[PDB]
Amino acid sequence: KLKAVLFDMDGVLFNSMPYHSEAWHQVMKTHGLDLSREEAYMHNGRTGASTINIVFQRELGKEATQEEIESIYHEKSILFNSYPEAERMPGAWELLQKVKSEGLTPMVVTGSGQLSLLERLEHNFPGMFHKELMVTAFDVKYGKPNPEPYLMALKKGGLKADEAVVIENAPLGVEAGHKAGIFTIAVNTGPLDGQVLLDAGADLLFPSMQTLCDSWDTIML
């Protein structure tokens, strides 16, 4: 039945979460706001704009202005890009090769608008992905945990929800995939408790991308 595999990017394809969590923590700290690196991890999947708005609501009891969102998004992007560029998540490439060999369509579904990562997908995973078979922050009105990005990915691939599988690392993205009615595999690549991923609606849970890759052939859909 399976036709397509819908990969989240940060913490699934790229090992970018230490950087994302560090940059969110530091930039918020610069603005007088306390957001731990673990709390930044818990926001993974959101668009940058949604993250900024929700942190302001939670910490200052008020919405971020459009100007605050833009300033903070840029400051965070610049700090992120100041680090040596993020490397592949171990297991991603090997899994992608397995997926492509069995005739499935790889897709990206991401809350990222980070062009330094998006423009590196082809060089890191050659021959796997296509811009018209991707959903990024540039495509959505509401991102994860709303199912809108995953629903859009189904449409882009001409797929029904039962013809896809989602691979996610973050509770909000797991929630989005599950709520789009798609079978969702959680991969626990960060410091969170796996139970948070299962609680978010993940149909299956693996401790790493490599362990998911090692087990893929024995998964049946």
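Sequential numbering from 1, following the sequence displayed.
A.B. asks: Would 22-30 or 178-186 have the larger average of its C-alpha temperature factors, as given in the entry?
C.D. replies: Going by the record's values, the stretch with the higher mean is 178-186.
A.B. asks: Check the entry's C-alpha temperature factors for 41-49 and 153-161, then say which stretch has the higher mean.
C.D. replies: Comparing 41-49 with 153-161, the higher average CA B-factor belongs to 153-161.
A.B. asks: Please say which third, lowest, middle or highest, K76 falls into when its CA temperature factor is compared across its chain.
C.D. replies: It falls in the bottom third of the chain.
A.B. asks: Considering every modelled residue of the chain and its Cα B-factor in the PDB entry, is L6 in the lowest, middle or highest third?
C.D. replies: CA B-factor rank for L6: lowest third.
A.B. asks: Lowest, middle or highest third: where is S208 by Cα B-factor in its chain?
C.D. replies: As the PDB entry reports it, the C-alpha B-factor of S208 lands in the middle third of its chain.
A.B. asks: Hey, what third does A137 fall into on Cα B-factor, ranked over its chain?
C.D. replies: For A137, whose C-alpha B-factor we compare with every modelled residue in the chain, the answer is the middle third.
A.B. asks: Sorting the chain's CA B-factors, does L104 end up in the lowest, middle or highest third?
C.D. replies: It belongs to the highest third of the chain when residues are ordered by C-alpha B-factor.
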